[PDB]
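The file query.cif contains mmCIF, C-alpha atoms:
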data_input
#
loop_
_atom_site.label_atom_id
_atom_site.label_comp_id
_atom_site.auth_asym_id
_atom_site.auth_seq_id
_atom_site.Cartn_x
_atom_site.Cartn_y
_atom_site.Cartn_z
CA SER A 401 0.00 0.00 0.00
CA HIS A 402 2.83 2.43 0.76
CA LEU A 403 4.07 2.02 -2.84
CA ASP A 404 0.89 3.36 -4.47
CA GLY A 405 1.69 6.54 -6.36
CA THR A 406 4.64 7.95 -8.29
CA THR A 407 5.88 10.01 -5.34
CA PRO A 408 5.92 7.06 -2.87
CA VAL A 409 7.72 4.90 -5.43
CA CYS A 410 10.34 7.61 -6.01
CA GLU A 411 10.81 8.07 -2.27
CA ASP A 412 11.22 4.31 -1.88
CA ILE A 413 13.77 4.16 -4.71
CA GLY A 414 15.85 7.03 -3.37
CA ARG A 415 15.77 5.92 0.25
CA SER A 416 16.56 2.32 -0.69
CA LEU A 417 19.54 3.35 -2.81
CA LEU A 418 20.80 5.60 -0.01
CA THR A 419 20.36 2.95 2.71
CA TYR A 420 20.42 -0.52 1.13
CA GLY A 421 22.37 0.51 -1.96
CA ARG A 422 19.74 -1.29 -4.05
CA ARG A 423 16.00 -1.34 -4.64
CA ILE A 424 14.51 -4.36 -2.87
CA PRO A 425 11.72 -5.78 -5.05
CA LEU A 426 8.40 -6.65 -3.44
CA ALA A 427 9.06 -10.30 -4.28
CA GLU A 428 12.15 -10.29 -2.06
CA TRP A 429 10.20 -8.55 0.70
CA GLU A 430 7.50 -11.22 0.46
CA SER A 431 10.09 -14.00 0.60
CA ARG A 432 11.66 -12.46 3.70
CA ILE A 433 8.23 -12.09 5.30
CA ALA A 434 7.33 -15.69 4.46
CA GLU A 435 10.54 -16.81 6.18
CA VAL A 436 9.13 -15.35 9.42
CA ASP A 437 7.29 -17.66 11.81
CA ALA A 438 6.51 -17.72 15.53
CA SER A 439 9.92 -19.06 16.55
CA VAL A 440 11.73 -16.37 14.56
CA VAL A 441 9.55 -13.66 16.10
CA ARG A 442 10.21 -14.97 19.61
CA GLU A 443 13.96 -15.20 19.02
CA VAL A 444 14.32 -11.73 17.50
CA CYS A 445 12.11 -10.07 20.13
CA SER A 446 14.15 -11.78 22.84
CA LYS A 447 17.31 -10.48 21.17
CA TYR A 448 16.09 -6.88 21.00
CA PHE A 449 13.47 -6.52 23.76
CA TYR A 450 13.87 -9.02 26.60
CA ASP A 451 15.92 -7.58 29.47
CA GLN A 452 17.13 -4.49 27.60
CA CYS A 453 17.67 -0.97 28.88
CA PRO A 454 15.18 1.34 27.12
CA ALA A 455 15.20 5.06 26.38
CA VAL A 456 12.11 6.90 27.60
CA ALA A 457 10.83 10.38 26.75
CA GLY A 458 7.91 11.83 28.69
CA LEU A 459 6.12 15.13 28.22
CA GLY A 460 3.20 16.70 30.06
CA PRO A 461 1.39 15.49 33.17
CA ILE A 462 3.72 12.50 33.48
CA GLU A 463 3.73 12.24 37.27
CA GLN A 464 2.35 8.70 36.97
CA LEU A 465 5.00 7.65 34.43
CA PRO A 466 6.73 4.78 36.27
CA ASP A 467 10.24 5.32 37.57
CA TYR A 468 13.02 4.14 35.27
CA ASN A 469 13.90 1.33 37.67
CA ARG A 470 10.28 0.14 37.52
CA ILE A 471 10.23 0.34 33.71
CA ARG A 472 13.53 -1.56 33.49
CA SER A 473 12.12 -4.21 35.82
CA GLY A 474 9.09 -4.31 33.52
CA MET A 475 11.45 -5.05 30.63
CA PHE A 476 11.80 -8.64 31.90
CA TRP A 477 9.59 -11.36 33.37
CA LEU A 478 10.25 -13.24 36.60
CA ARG A 479 8.04 -16.12 35.45
CA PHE A 480 10.15 -16.67 32.34
CA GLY B 2 -6.21 10.07 47.34
CA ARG B 3 -2.43 9.84 47.68
CA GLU B 4 -1.26 8.32 44.40
CA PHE B 5 1.13 9.25 41.62
CA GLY B 6 -0.88 11.44 39.27
CA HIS B 7 -2.54 14.00 41.53
CA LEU B 8 -0.08 14.66 44.38
CA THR B 9 1.06 18.10 43.22
CA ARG B 10 1.27 20.47 40.26
CA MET B 11 4.75 20.98 38.78
CA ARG B 12 5.62 22.69 35.50
CA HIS B 13 8.70 23.25 33.35
CA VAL B 14 10.97 20.86 35.28
CA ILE B 15 13.06 18.59 33.04
CA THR B 16 14.77 15.58 34.65
CA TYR B 17 17.57 13.60 33.00
CA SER B 18 18.43 10.12 34.27
CA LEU B 19 20.53 7.08 33.35
CA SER B 20 20.07 3.33 33.35
CA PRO B 21 21.55 1.59 36.41
CA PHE B 22 23.32 -0.74 33.95
CA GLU B 23 24.99 2.21 32.19
CA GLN B 24 26.52 3.82 35.30
CA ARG B 25 28.83 2.86 38.14
CA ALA B 26 27.28 1.99 41.50
CA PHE B 27 30.20 3.60 43.37
CA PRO B 28 31.23 6.64 41.30
CA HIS B 29 34.11 8.42 43.06
CA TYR B 30 33.24 6.71 46.33
CA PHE B 31 36.39 7.85 48.15
CA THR B 32 37.66 10.73 46.00
CA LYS B 33 34.46 12.71 46.66
CA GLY B 34 32.87 10.75 49.51
CA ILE B 35 35.66 11.36 52.02
CA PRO B 36 35.75 15.18 51.57
CA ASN B 37 31.95 15.21 51.76
CA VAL B 38 31.98 13.24 55.02
CA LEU B 39 34.46 15.72 56.50
CA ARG B 40 32.23 18.63 55.47
CA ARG B 41 29.19 17.01 57.09
CA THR B 42 31.16 16.14 60.22
CA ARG B 43 32.53 19.68 60.52
CA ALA B 44 29.08 21.23 60.19
CA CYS B 45 27.65 19.03 62.96
CA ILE B 46 30.57 18.46 65.36
CA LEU B 47 29.92 21.77 67.13
CA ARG B 48 26.21 21.03 67.60
CA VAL B 49 26.25 17.32 68.54
CA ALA B 50 29.51 16.75 70.43
CA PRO B 51 29.45 19.59 73.03
CA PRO B 52 26.39 18.20 74.87
CA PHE B 53 27.95 14.73 75.00
CA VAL B 54 31.29 16.13 76.16
CA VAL B 55 29.47 17.62 79.16
CA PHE B 56 28.07 14.18 79.98
CA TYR B 57 31.57 12.67 79.95
CA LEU B 58 32.80 15.35 82.36
CA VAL B 59 29.81 14.79 84.65
CA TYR B 60 30.24 11.02 84.40
CA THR B 61 33.92 11.21 85.36
CA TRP B 62 33.29 13.57 88.28
CA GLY B 63 30.41 11.47 89.57
CA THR B 64 32.45 8.27 89.40
CA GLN B 65 35.41 9.95 91.11
CA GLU B 66 33.21 11.63 93.73
CA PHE B 67 31.46 8.35 94.52
CA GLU B 68 34.85 6.68 94.95
CA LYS B 69 36.14 9.47 97.20
CA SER B 70 33.00 9.24 99.35
CA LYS B 71 33.62 5.56 100.09
CA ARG B 72 37.26 6.24 100.97
CA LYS B 73 38.28 6.23 104.62
CA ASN B 74 38.25 9.56 106.43
CA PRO B 75 41.30 9.71 108.75
CA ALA B 76 39.84 12.56 110.81
CA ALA B 77 36.80 10.47 111.75
CA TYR B 78 39.04 7.89 113.44
CA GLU B 79 41.30 10.48 115.09
CA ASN B 80 41.45 10.50 118.90
#

Spit out the file's structure as structure tokens when you get a sec.
Amino acid sequence: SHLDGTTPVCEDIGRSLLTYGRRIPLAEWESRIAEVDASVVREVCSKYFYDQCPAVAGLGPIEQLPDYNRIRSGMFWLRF
Amino acid sequence: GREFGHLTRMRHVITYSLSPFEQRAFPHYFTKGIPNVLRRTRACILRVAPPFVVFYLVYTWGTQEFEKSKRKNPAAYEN
């Protein structure tokens, strides 16, 4: 859906060449997506989320925003 | 009643923190802790110690005076 329109396609081409160095076809994206299953999702989320120190930005009436120690403790499960 | 969210009204106060896993638990524990302890001791030594020094003086005098009282009085046994 994001690639509907000449401007989105141009933006995709330019950004892909700047970042990837190549334009990734939708077929390759679909193959990469199809490679994903529940085990892969669990493994990658554990790699990047489980027991990791986050960066938090609050703004406004954030008195109830939990303390960073509490958030960090929330970034892992005792049951697991 | 007393919960985070309605305790007080505070505006325009920005707080910066750090993860406990990104910082040292004992940063400059002795290089800055020891001078700080001396500052705190100096500020309080002239308000806490003087009363207790008086007790020590009273305690010593009382102990000595009690000892002297029990000591024999030569004049009482004279004649």

Task: Answer key for the PyMOL selection byres ((chain B) within 8 of (chain A)), residues as a list in words - done: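 Output of the PyMOL selection byres ((chain B) within 8 of (chain A)): residues 5, 6, 7, 20, 21 and 22 of chain B.
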
For the residues in the current selection, export C-alpha atoms as a CSV table (one decimal), in the coordinates of the input.
chain,number,residue,atom,x,y,z
B,5,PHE,CA,1.1,9.2,41.6
B,6,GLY,CA,-0.9,11.4,39.3
B,7,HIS,CA,-2.5,14.0,41.5
B,20,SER,CA,20.1,3.3,33.4
B,21,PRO,CA,21.6,1.6,36.4
B,22,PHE,CA,23.3,-0.7,34.0

Task: Separation of atom CA of residue B:56 from atom CA of residue B:70 in Å - done: 20.6 Å

Who sits within 10 Å of residue A:424, only C-alpha atoms, same chain under 6 positions skipped, as a PDB file with C-alpha atoms, in the coordinates of the input:
ATOM      1  CA  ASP A 412      11.220   4.310  -1.880  1.00  0.00           C
ATOM      2  CA  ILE A 413      13.770   4.160  -4.710  1.00  0.00           C
ATOM      3  CA  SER A 416      16.560   2.320  -0.690  1.00  0.00           C
ATOM      4  CA  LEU A 417      19.540   3.350  -2.810  1.00  0.00           C
TER       5      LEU A 417
END

Open item on the list: I'd like the interatomic distance between atom CA of residue B:42 and atom CA of residue B:60, to a tenth of an Å.
Closed with: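 Distance between the two atoms: 24.7 Å.
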
Open item on the list: So the first atom is atom CA of residue A:467 and the second is atom CA of residue B:16; what is the distance between them in Å, to one decimal place?
Closed with: 11.6 Å

- [ ] Write out as an MDAnalysis selection string each polymer residue whose atoms come within 9 Å of residue A:450, counting all atoms listed in the file; drop sequence neighbours fewer than 2 positions from it.
- [x] chainID A and resid 445:448 452 475:477

Using the partial input, fill out stretch 408-419 of chain A with N, CA, C and O atoms; write the result as an mmCIF file, keeping the file's coordinate frame.
data_model
loop_
_atom_site.group_PDB
_atom_site.id
_atom_site.type_symbol
_atom_site.label_atom_id
_atom_site.label_comp_id
_atom_site.auth_asym_id
_atom_site.auth_seq_id
_atom_site.Cartn_x
_atom_site.Cartn_y
_atom_site.Cartn_z
ATOM 1 N N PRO A 408 5.429 8.112 -3.776
ATOM 2 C CA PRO A 408 5.920 7.060 -2.870
ATOM 3 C C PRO A 408 6.938 6.138 -3.498
ATOM 4 O O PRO A 408 7.897 5.739 -2.829
ATOM 5 N N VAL A 409 6.765 5.788 -4.773
ATOM 6 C CA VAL A 409 7.720 4.900 -5.430
ATOM 7 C C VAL A 409 9.076 5.592 -5.569
ATOM 8 O O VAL A 409 10.125 4.974 -5.357
ATOM 9 N N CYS A 410 9.078 6.878 -5.930
ATOM 10 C CA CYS A 410 10.340 7.610 -6.010
ATOM 11 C C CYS A 410 11.012 7.707 -4.652
ATOM 12 O O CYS A 410 12.234 7.548 -4.543
ATOM 13 N N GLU A 411 10.235 7.992 -3.608
ATOM 14 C CA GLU A 411 10.810 8.070 -2.270
ATOM 15 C C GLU A 411 11.407 6.731 -1.871
ATOM 16 O O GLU A 411 12.506 6.676 -1.308
ATOM 17 N N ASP A 412 10.705 5.640 -2.176
ATOM 18 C CA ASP A 412 11.220 4.310 -1.880
ATOM 19 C C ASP A 412 12.518 4.045 -2.631
ATOM 20 O O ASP A 412 13.482 3.539 -2.051
ATOM 21 N N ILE A 413 12.565 4.395 -3.916
ATOM 22 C CA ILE A 413 13.770 4.160 -4.710
ATOM 23 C C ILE A 413 14.949 4.923 -4.135
ATOM 24 O O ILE A 413 16.030 4.361 -3.911
ATOM 25 N N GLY A 414 14.757 6.218 -3.879
ATOM 26 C CA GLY A 414 15.850 7.030 -3.370
ATOM 27 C C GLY A 414 16.329 6.581 -2.008
ATOM 28 O O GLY A 414 17.533 6.440 -1.770
ATOM 29 N N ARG A 415 15.391 6.335 -1.091
ATOM 30 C CA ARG A 415 15.770 5.920 0.250
ATOM 31 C C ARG A 415 16.434 4.550 0.238
ATOM 32 O O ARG A 415 17.378 4.307 0.998
ATOM 33 N N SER A 416 15.953 3.636 -0.609
ATOM 34 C CA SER A 416 16.560 2.320 -0.690
ATOM 35 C C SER A 416 17.978 2.395 -1.235
ATOM 36 O O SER A 416 18.883 1.728 -0.722
ATOM 37 N N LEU A 417 18.193 3.201 -2.276
ATOM 38 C CA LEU A 417 19.540 3.350 -2.810
ATOM 39 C C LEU A 417 20.469 3.993 -1.785
ATOM 40 O O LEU A 417 21.643 3.618 -1.678
ATOM 41 N N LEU A 418 19.967 4.973 -1.031
ATOM 42 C CA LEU A 418 20.800 5.600 -0.010
ATOM 43 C C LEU A 418 21.138 4.619 1.113
ATOM 44 O O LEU A 418 22.282 4.577 1.580
ATOM 45 N N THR A 419 20.165 3.823 1.556
ATOM 46 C CA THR A 419 20.360 2.950 2.710
ATOM 47 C C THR A 419 20.849 1.560 2.303
ATOM 48 O O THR A 419 21.941 1.141 2.694
#
